[PDB]
């Protein structure tokens, strides 16, 4: 087996992250007036209107860039875009018409739909246009997705590390979700610059460098891990043991979910894990130092196995097969309903309702 060329500083500004210098761009490198000048002849055609099309699109619109939306006419996204103020015929079109109008084509359809639609959209990404992704899913797993970007266009990526809903809300607050950028194909000598400028234009906080392959392996891993799948499994397991030993729902929920999200996890994020430890009792410190190695070892096998499911392509197959179905929306909502109806989340609805700021 073969190794991989490292990410290259190229003499650019860098930050030392715990022993590795990484390429990093910050908002002051791309102020609003500069972005407007840089893109003054461009049209961002944003294809798709999931939460990334929402957060990236509305941030581009607010920053004054010439952005339009392309989605299946009279589908769900179409109406969702209308209710965010995109006007059919002005800056909301069907997919083919948006691509004809745009110079930068932001493929923000579902990863499954990126594969399904690609035979039809590829002839429209002509010379002089730029093809943009927010995930390496489609072009990297070509054996399963059949997505081959044309060799005569720049192919760039900007990947916000957060929910599209928080890409929007943080930007409104003066904050911002971090983004990866990557170049998959550079034909002009400007793909990188466009990827970094795009990354700032969509409201990112800081931008750091990756590759399409690194990004898709990280992303697929994390969302299945602690970002979404792990944290939920953790909550479910801890809550169940408490309920089986007699603890009332309110007690078990406050000791599992509420204390975490309303107190301790925000301290981790504001000041780091040691600060959060030091903000709790000597008892909880002794207890937490005792048991985090036991939790690390219980989960490490699960994590190296999940990374394998990502690398070999199983998780990609799963998503292509489930989300590639026309009724994917209806059956995903079925499984979300199962989450909704678990005791722990029925209890959560009541706990949240009692918060002083919801009264």
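Residue numbers count along the first chain shown, from 1.
Taking the PDB entry as given, 243 to 251 carries the higher mean Cα B factor of the two stretches 74 to 82 and 243 to 251. Per the PDB record, of the two stretches 87 to 95 and 183 to 191, 183 to 191 carries the greater mean B-factor over its C-alpha atoms. Of the candidates 61, 294, 40, 34, the PDB record gives 294 the highest C-alpha temperature factor. Comparing the C-alpha B-factors of 152, 178, 134, 281 in the entry, the top value falls on 152. In the PDB entry, a CA B factor belonging to the highest third of its chain's modelled residues is recorded for residue 289. The deposited CA B-factor of residue 145 belongs to the highest third of values across its chain. Placement of the Cα temperature factor of residue 217 within the chain: highest third of the modelled residues, per the deposited record. When the modelled residues of the chain are ordered by C-alpha B-factor, residue 122 sits in the highest third.
When the CA B factors of the chain's modelled residues are split into thirds, the value for residue 310 lands in the highest one.
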